[PDB]
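Let me start by giving you these chains from the complex, positioned as in the assembled structure:
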Amino acid sequence: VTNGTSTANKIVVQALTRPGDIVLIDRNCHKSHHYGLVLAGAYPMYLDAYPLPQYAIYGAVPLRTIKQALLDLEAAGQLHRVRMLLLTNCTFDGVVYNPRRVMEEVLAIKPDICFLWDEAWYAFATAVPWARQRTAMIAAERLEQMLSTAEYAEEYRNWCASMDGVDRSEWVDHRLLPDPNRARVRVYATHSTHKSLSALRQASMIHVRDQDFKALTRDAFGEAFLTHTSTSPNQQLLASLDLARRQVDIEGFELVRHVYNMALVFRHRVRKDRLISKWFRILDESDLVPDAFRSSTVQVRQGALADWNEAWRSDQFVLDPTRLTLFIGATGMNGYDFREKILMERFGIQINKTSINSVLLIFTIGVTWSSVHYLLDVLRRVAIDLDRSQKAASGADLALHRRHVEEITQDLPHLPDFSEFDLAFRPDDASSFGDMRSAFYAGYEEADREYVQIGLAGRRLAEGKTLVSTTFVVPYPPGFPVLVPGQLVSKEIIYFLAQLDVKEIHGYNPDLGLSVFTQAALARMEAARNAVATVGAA
């Protein structure tokens, strides 16, 4: 695909989904994903990541949640609709999903679902040993091999005997194995081939591993590929290019490996340097993955080959070695300020994300031993000056410093979990998926929209006149849509929104208000939906 990664997602989504399907999409995923779901009419069921309040960031979505949501739709009898599980193989923070488990257990419930993995962030997995396993195409290969073996058929027989007499509603409490006969591995993935940012930022690939592609989806996939990218004489790229055993890049193997050994050297120095480690720390699976999701329990940098391998094989969540979250909370300085002033000169490492008390270091092919040594120099200078100003501290300066540390460490604000869709837009009132497309288009009716000040919105909730957002809201710090068309603005989301002083939030403006539905418009839309749900059923 000669266009940016979001075009590959558009292609596969349009090739697999039809309007009125349910797509289980993680809410943390970038706004471009949700906009694509608005297109094609798909109804998203939002899956909510486990929170990390102490960093005010989100992790992955536990497989527990994915199973529970699928089972919940199964109890509603709606499950037949479910056509996709859109996840991101590597989270922006770095949390790497273990795909083989996320697909075994999901295919236990829905034997014919399609998986889409956005792997744009998991770029260097081919350098890191034991990382390629957690990709979508290697997970799909291993799962397809497993499903073919007779030994697996015996394992599944014994597993069914183990679950025999367990109520299907209780499947969330037990691991699941995908029935070999019904389970159909239909995995997809998308990434960027080292695309140049700002200019010619078009590099992308669609990796397809789909047993039914040739029968059910070849035509739709080709048509979507032409629709998204304009038809041209050079149509070879869409149909029959099949470059699975092509585009060998031995030099690119040496470049990804140079960048991985660069990340290793940085991560080692930042820990062993006695100045830096006094104030700085790099977060680890012990810090960024709650231990409920890591069966393995009690040096990784030195050696660690064949001991820490198990964590990659069996854990739910691990850190990508190149997505280094630098904790700065002990510096008593907020991430936005630290990035803005200390790191203003910038360098090959992107440092493109800033949480309240941490900054995310993203190594890229533009790295060298001099970018590593520059960043380490910067860190060491900050450490030296913090030591100086700590030694100069009076008791009042000690109170100042310690509270500057406390305010970014102890009482951090609650992370707004997804509120359920408004009734006017849930097609089935028993289930939490929503007609987010119709809420998107219904939001442009300038007579149905209304503006309410954030301060007013809490009062309105107390009054009982429910608030429903007409539009996406995508604040910069989390970098994903906290609100979507037709989502109820629950009290916690109002309280979260109220703290942000950035006027420039996407989809919202504090000088103007929340773009919410008028009450009469909501009543009318609810009545219309109930009329449709009547005429459509009797």
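Great, that's in hand. Numbers count the residues shown, from 1 in each chain, chains lettered A, B, ... in the order given.

Tell me where the stretch 251-400 of chain A has helices.
Ranges of helices within the stretch 251-400 of chain A are A:276-279, A:285-288, A:309-314, A:335-337, A:369-391, A:395-407, based on DSSP state H, counting those that start in this stretch.

Select, out of those, the one closest to residue A:432.
Between residue A:432 and those, the shortest gap by Cβ to Cβ is with helix A:285-288, which sits at 27.6 Å. In short, each C-beta sits where N, CA and C put it, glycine included.

and that closest one, which residues are buried?
A:285, A:288 (16 or more other Cβ atoms under 10 Å).

Tell me how far that helix lies from the chain's centre.
Here the centre of helix A:285-288 is set off from its chain's centre by 17 Å, with Cα atoms, centre = their mean, to the nearest Å.

Same question for stretch A:291-307.
Distance, centroid of stretch A:291-307 to centroid of chain: 24 Å (Cα atoms, centre = their mean).

re earlier: for the helices of the stretch 251-400 of chain A, give me CSV that also has distance to residue A:64.
Shown next, in CSV, are those (distance: least, Cβ to Cβ, whole Å):
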stretch, distance to residue A:64
helix A:276-279, 35
helix A:285-288, 18
helix A:309-314, 16
helix A:335-337, 30
helix A:369-391, 37
helix A:395-407, 33
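
so which of these comes closest to residue A:186?
Nearest of these (Cβ to Cβ): helix A:309-314, 23.7 Å.

gap between that closest one and the chain center?
21 Å.

Give me the buried positions along it.
In helix A:309-314, counting by 16+ other Cβ under 10 Å, buried: A:311, A:312.

Over to stretch A:314-329?
So, applying 16+ other Cβ under 10 Å, buried residues of stretch A:314-329: A:315-329.

picking up where we left off before, out of the helices of the stretch 251-400 of chain A, flag the one nearest residue A:506.
Closest among those, using Cβ to Cβ: helix A:335-337, at 17.1 Å.

Relative to residue A:58, which of the helices of the stretch 251-400 of chain A is closest?
Here helix A:285-288 is closest among the helices of the stretch 251-400 of chain A (Cβ to Cβ), at 10.6 Å.

The following sequence is to be added as chain B:
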Amino acid sequence: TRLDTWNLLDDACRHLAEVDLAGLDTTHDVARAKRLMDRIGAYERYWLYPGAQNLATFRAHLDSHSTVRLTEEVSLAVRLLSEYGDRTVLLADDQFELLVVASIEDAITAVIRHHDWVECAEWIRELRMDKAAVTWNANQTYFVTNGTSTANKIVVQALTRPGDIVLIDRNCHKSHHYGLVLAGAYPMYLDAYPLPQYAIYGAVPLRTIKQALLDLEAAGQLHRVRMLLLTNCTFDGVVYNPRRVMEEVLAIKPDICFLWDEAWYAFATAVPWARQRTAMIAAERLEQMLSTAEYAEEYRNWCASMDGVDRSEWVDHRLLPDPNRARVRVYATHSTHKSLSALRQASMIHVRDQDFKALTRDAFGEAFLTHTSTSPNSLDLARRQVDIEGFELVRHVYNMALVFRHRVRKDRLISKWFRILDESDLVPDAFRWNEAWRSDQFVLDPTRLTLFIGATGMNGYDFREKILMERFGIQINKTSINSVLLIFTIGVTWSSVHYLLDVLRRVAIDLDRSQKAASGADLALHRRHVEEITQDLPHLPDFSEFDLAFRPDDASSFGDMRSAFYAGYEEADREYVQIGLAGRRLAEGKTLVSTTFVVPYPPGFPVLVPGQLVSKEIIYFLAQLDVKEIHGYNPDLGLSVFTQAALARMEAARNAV
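With chain B added, the chains above now look like this:
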């Protein structure tokens, strides 16, 4: 997993307390919690902290709603199980704690001490740039981008010129033999002392070097000799003492150049005694030594006795270099640590040469052009080395190699059938701590460990393939008739060491069980298997003289290896003879001469070289060698040997002048 069901029960009890404080119907969360305890209790009896008694007490608490009690107790229990487990080393019963269990051996999953007990052993317990160039040296450096073969070729071309004789270790690296082919120098092959017990070569004893120099002296070809080429820290791991060899050799030829291939001695830096052994430190000490007037007096005192004996008898004396004529022109090469990467780009050429500038600088810069791109040379090669030094991987793997051999010795199970050959075995007595590494010719590098396996009765290829099917990282790269060579490298990790120790323990267990099962003749057969490889082996084949077609003079042993190599390209002049026919053809009295190098998978050492006569011992060795991955020999087409017509032609042609 146990910890996963315990975390699910912790969740269930937390939500039980949530609902109870909310006042909704807890019967759903009560039912979930009861099912969770029922599932957990099927196996929780096999652990210590949250034993079946604590399950029973949580159940008792559960029957009464008691939500507050269990949303604290269960979460505290799971926090302890996560953070500590049974510490809150675990024993079993048919700092310490004792899992008293009637159902012994079910609780192998608990982790352990403790009717054959064979099954228990299997499950558990019985099993298992100015900043970067300041340190290593300051005198000289010359980074080579194509690896250590290329550094060898660069230095060879810089020094040796066509018509020069070089003394070269018979089993040095193939790149050396090819460098001599390329330069057109005549090798005189110094032959290393054998270990017939093990079918490995050790090293060239200094007496052989002095003998070759004095043979050249009698011949009158000594002036021709140009350089001495020896592989310090040979693949077997025997280590040359450079100071003694350089000191004695400079007595006979005060202007010979030394090239030390140290590419296998990567861990000299790791340990200080090894650092003394390095060629550069010996060159420094020798150069300082020669300046001192105290040494001038020592030399005068030595010469005042040595003028009573002839030069031909110097082989038995301890010689000393004449400080008025000795010129220390020593060189060295050191491969850097590269893991895969398809480059092997890094290399080094150290140079401590008093006359380099005057004579070899021009030809050294040209050798660089011929084999390398001079203009880029090399900061990249050096900057990462200081970071690897910052890691201290060499010190780490040296430490874990010592711990490995300690465990292999101390442990009674492994020691029964395995051992690590030491200086007592690999260094014959005739050549035999901080001072000892200074005081004798040969020592062993601790990181290149020969595992003796003779008690197993399996040859090294069979052992490697049968046992070490998967080697996480031990870099085993050689197999002998009764031993295998473990090359510790920066890559190897602690879990690779523990994997290898586990495999050794398991093989010891299998051999122990087989010994118990075996009786009479079958047991005798195992004894025979150990006896046949260990007790008797054919002696390593001696290097045979270069053919008279190639020896520039018939008195001396050096030969025109270049002409033999390139003359072997004429297909009409050299047939291929199968080695089973070779012995019969030799019995017919036809000569046999090899046209090609014969280099097996074990790096470097060529069995045959161009123009060397085939001899019965070499035929036997070639037949016996297990591995068939050999360069320059074809297992089915046979051995490429010169025609008698070609040999007669070249003999007659060289006879003229």
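
The buried residues of helix A:285-288 again, this time with chain B added?
The neighbour-count check on helix A:285-288 (16 or more other Cβ atoms under 10 Å in any protein chain shown) flags A:285, A:288 as buried.

Touching that helix from outside, list them.
A:52, A:55, A:59, A:93-95, A:294, A:311, A:315, A:317-319, A:325, A:327 (Cβ atoms under 8 Å, 6 or more residues apart in numbering or on different chains).

let's go with 6 Å and repeat that
A:318, A:319 (Cβ atoms under 6 Å, 6 or more residues apart in numbering or on different chains).

export that helix as CSV, just CAs?
In CSV, the C-alpha atoms belonging to helix A:285-288 read as follows (Å, rounded to 0.1, in the frame of the first residue of the first chain):
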residue,chain,number,x,y,z
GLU,A,285,7.0,-5.1,33.4
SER,A,286,7.1,-4.9,37.2
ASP,A,287,5.9,-1.3,37.0
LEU,A,288,3.7,-1.1,33.8
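
how would you label the residue in the stretch 401-538 of chain A that chain B sits nearest to: helix, strand or coil?
Closest approach between the stretch 401-538 of chain A and chain B, counting by Cβ to the nearest Cβ: residue A:417, at 15.3 Å. The three-state label given to residue A:417 by DSSP: H, G, I helix; E, B strand; the rest coil is coil.

out of everything not next to it in sequence, what's closest to residue A:176?
Nearest non-adjacent residue to residue A:176, counting by Cβ to Cβ, 6 or more residues apart in numbering or on different chains: residue A:108, 3.3 Å away.

and if you look at residue A:237?
Nearest non-adjacent residue to residue A:237, counting by Cβ to Cβ, 6+ apart: residue A:2, 7.0 Å away.

So that neighbour sits against residue A:202, correct?
Yes: at 5.4 Å, residue A:2 and residue A:202 qualify as touching, with contact defined as Cβ atoms under 6 Å.

Mutual contacts of those two, please.
Counting by Cβ under 6 Å, 6+ apart, nothing touches both residue A:2 and residue A:202.

Can you tell me the closest non-neighbouring residue to the residue of chain A at minimum distance from chain B?
Nearest to chain B, among the residues of chain A, is residue A:303, at 3.1 Å (Cβ to the nearest Cβ). Take residue A:303 and drop its neighbours on the chain: the residue closest to it by Cβ to Cβ, 6+ apart is residue B:493, 3.1 Å away.

go ahead and place chain C:
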Amino acid sequence: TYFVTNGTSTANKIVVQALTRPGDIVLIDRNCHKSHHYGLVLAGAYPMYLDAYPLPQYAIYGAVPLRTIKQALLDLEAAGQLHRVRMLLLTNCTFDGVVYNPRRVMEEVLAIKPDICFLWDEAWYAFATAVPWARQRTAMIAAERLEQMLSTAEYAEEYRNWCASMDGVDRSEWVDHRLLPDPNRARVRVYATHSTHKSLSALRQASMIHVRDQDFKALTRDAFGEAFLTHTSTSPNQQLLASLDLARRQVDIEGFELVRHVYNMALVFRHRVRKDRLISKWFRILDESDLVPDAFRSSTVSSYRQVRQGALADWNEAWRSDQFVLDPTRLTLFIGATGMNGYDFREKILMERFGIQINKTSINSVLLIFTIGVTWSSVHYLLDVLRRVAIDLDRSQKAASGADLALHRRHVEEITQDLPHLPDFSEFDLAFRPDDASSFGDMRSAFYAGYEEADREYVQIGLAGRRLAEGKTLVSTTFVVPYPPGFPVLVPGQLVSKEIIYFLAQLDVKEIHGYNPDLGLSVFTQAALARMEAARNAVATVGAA
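So that you can see how it sits with the rest, here is chain C on the chains above:
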């Protein structure tokens, strides 16, 4: 195709060792990069040096005319030595930017020597994938077209009629005829070694040895693999490198966009440097009318009256049929009108490293190499530099009225109107020619014999002329590689003919490779040459006694 991790000269050494053994003659374009000559020292083959057609008005060397190659083969054929000839090493897309027509070169060479191997250094011809008609002049496409042609029956009939046309012509006169390779004997054994795009960048990493060899699987597979491991490593993953990547390596699709962008930037630069009248007043970009003598092309601009602008592709037949054409991404810029020397201009006026390059500075010209980093910004920057130079030259012309017109005329005439001779290859000394009639040299023996510190002596360049007139002939012991030519003007054992000493005497640069004005030109002592000639005579006797 095989991926060599260690640059282009490594690939050349690999193929030379795979194909040549000591004492084989190789025909080699003399002006090729010095690293090619050291490879022939190492391989022990004898070079027969082919000398390019001179362009003295630019002090540039062109390609080797194909008639030179036919004559050089038929010289050895008359000597009876031709059996030795093993290779024809030529550099496609020579640094100056002249581009060979490999198809015709192979056809006519295989007419004379039906089993020769060809090596093409294509490291300069990187952007031929962009240019719409340049691909056909790559060695690996010319070899495909030639192998197809050699297969057809129609070609067998054409050759029958061609040999009937030549019937009764002496083999010595085939230099004057257009030949065709006998489809029964000629065998396409072409090799090409091109640098990677990463290597094109100043850091040099990686290369590819393209192979189109009929007799690889039989005659050369083993030697090729052996030499591959000899020149890289004998370690795991070298074998993986030894694996082919011909139907693989489609990742260049992203690469193709970049090479086409670079080509479009080159076209834009050429059109804006020709149209813009400030720049065009002084600056010019040499074309096939300037850098290729008319004798080597049939396309003549003036002869066809219905002329076209030529920015557009109205000259597609030149690529197909001419001997020599210019790579459009290697643009020579003529600064003769300005009056500044090329080195002075490059070093002072621009110092442009943002995109493009000036690897070579000619006496009156500077070569512009469009690399993969060029962007619209880079070409507009370079054009702005040219424009400012033109404006200040116009200013100096206005001021030039007051007695400085003669200084401007003097500078211009001195650099462009007046030119020095370009020294063509002399001949090897008798001491180092194995056959006294032929011209190929035992250059390896001269290279090693040159290290005998008792056989070398130094002579000052001021004395060399009188030494030569005295009959005390001069023979160089080493390479000499002056910076401006960029190739060895002397090699071990080459006679320093009067024109070559006259060339060296002009150079101000003291740091020339292989030579030092403060010591002298290293030459063989007379007694050493006499001894070497006597040794050669002894060899020529015992080889026939």
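
now that chain C has been added, could you go back to the contacts of helix A:285-288?
By Cβ under 6 Å, 6+ apart, helix A:285-288 touches A:318, A:319.

Try it again at 7 Å.
A:52, A:59, A:93, A:95, A:294, A:318, A:319, A:325 (Cβ atoms under 7 Å, 6 or more residues apart in numbering or on different chains).

Max pairwise distance over those residues: which two?
A:294 and A:325 (16.9 Å).

Over in the stretch 101-250 of chain A, which residue gets nearest chain C? Let me know.
Counting by Cβ to the nearest Cβ, the stretch 101-250 of chain A gets nearest chain C through residue A:247, at 3.6 Å.

quick one: buried residues of stretch A:149-167?
Buried, per 16+ other Cβ under 10 Å, within stretch A:149-167: A:152, A:156, A:159, A:163.

For the stretch 251-400 of chain A, which residues are neighbours of chain C?
Listed as neighbours of chain C in the stretch 251-400 of chain A under the rule Cβ under 7 Å from any Cβ of the partner chain: residue A:251.

again, 8 Å this time
Residues of the stretch 251-400 of chain A found near chain C (Cβ under 8 Å from any Cβ of the partner chain) are A:251, A:252.

Now the stretch 251-400 of chain A against chain C: closest residue?
residue A:251 (5.8 Å).

Could you count how many residues lie near that residue?
By other Cβ atoms under 10 Å in any protein chain shown, the residues close to residue A:251 number 18.

Now do the contacts for it.
Counted by Cβ under 8 Å, 6+ apart, residue A:251 has contacts C:196, C:198, C:205, C:206.

How about the contacts made by the residue in the stretch 401-538 of chain A positioned nearest to chain C?
Of all residues in the stretch 401-538 of chain A, residue A:479 sits closest to chain C, at 27.8 Å by Cβ to the nearest Cβ. Residue A:479 is in contact with A:30, A:92, A:353, counting by Cβ under 8 Å, 6+ apart.

The first one: how many residues sit nearby?
Put plainly, it is residue A:30. Look at residue A:30: counted by other Cβ under 10 Å, it has 18 neighbours.

go on, the second one?
Per other Cβ under 10 Å, the neighbour tally for residue A:92 reads 21.
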